[PDB]
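The data below hold one chain only, encoded as structure tokens and taken in the form solved without ligand 2AN.
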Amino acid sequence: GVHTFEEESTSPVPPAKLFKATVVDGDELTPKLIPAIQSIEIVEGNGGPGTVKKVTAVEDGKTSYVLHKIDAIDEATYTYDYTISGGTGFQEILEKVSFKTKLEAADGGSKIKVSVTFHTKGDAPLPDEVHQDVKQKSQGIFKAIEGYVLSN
């Protein structure tokens, strides 16, 4: 099953700066800013398309690993597409979640365009709680980084 949503939002942060913090420096900043996220390490690749990363998260004694694949990256157009999977036992209905992200200049800051694709096991629909939990975590991580840029 394939379930698609789009979100548009703004930032006061200009796109180059927002792209560098979110995507180029995301592996450095995310474990530093999000208590629950222990580490982000390269499993395979050179940081270009096809690169797989392991994100280690701990909450309430419970340690979980989601894998993160780069599908596309282009710094000139602030394009970053990636796929999240793994975390066995964590939210069982998802095979994988594909993000397409793009930033552009608006009024001295950024316009942020996100497209997300939830891939379910075998034609299941997308539960509300799972969509909300994935949206909250990805918005939360991007905003935490966005706030960090504004705080320096």
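For clarity, a rigid core is taken as the largest C-alpha set superposing within 1.5 Å between two forms. Start at 1 with the first residue shown and count on from there.
Residue-level annotation: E95 has coordinates in all of the other entries compared, counting only those that model residues on either side of it, so it never reaches the one-third mark. Note: missing coordinates for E104 occur in none of the other compared entries bracketing this position, so the one-third threshold is not reached.
Once the C-alpha B-factors are averaged per stretch, 59-67 and 23-31 rank with 59-67 first.
When 110-118 is weighed against 91-99, 91-99 comes out higher, by mean CA B-factor as recorded in the entry. For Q38, the recorded CA temperature factor ranks within the middle third of the chain's modelled residues. In the deposited entry, the Cα temperature factor of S151 sits in the middle third of values across the chain's modelled residues. Compared with the other modelled residues of the chain, the Cα B-factor recorded for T83 ranks in the lowest third.
Omitted from view is the form deposited with ligand 2AN bound, to which the following refers.
Judged against ligand 2AN in the entry with it bound with a 4.5 angstroms heavy atom cut-off, the residues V55, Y65 and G140 are in contact without exception. Contact annotation: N46 falls outside 4.5 Å of ligand 2AN in the entry with it bound, judged by heavy atom distances. Although the partner is absent from this view, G50 stays clear of ligand 2AN in the entry with it bound, with no non-hydrogen atom inside 4.5 angstroms. None of the heavy atoms of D107 is located within 4.5 Å of ligand 2AN in the entry with it bound.
Proximity of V134 to ligand 2AN in the entry with it bound falls within the 4.5 Å heavy atom cutoff. In the core-aligned comparison between this form and the one not shown, the C-alpha of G87 is the only one from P31, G87, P49, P127 that shifts by 2 Å or more.
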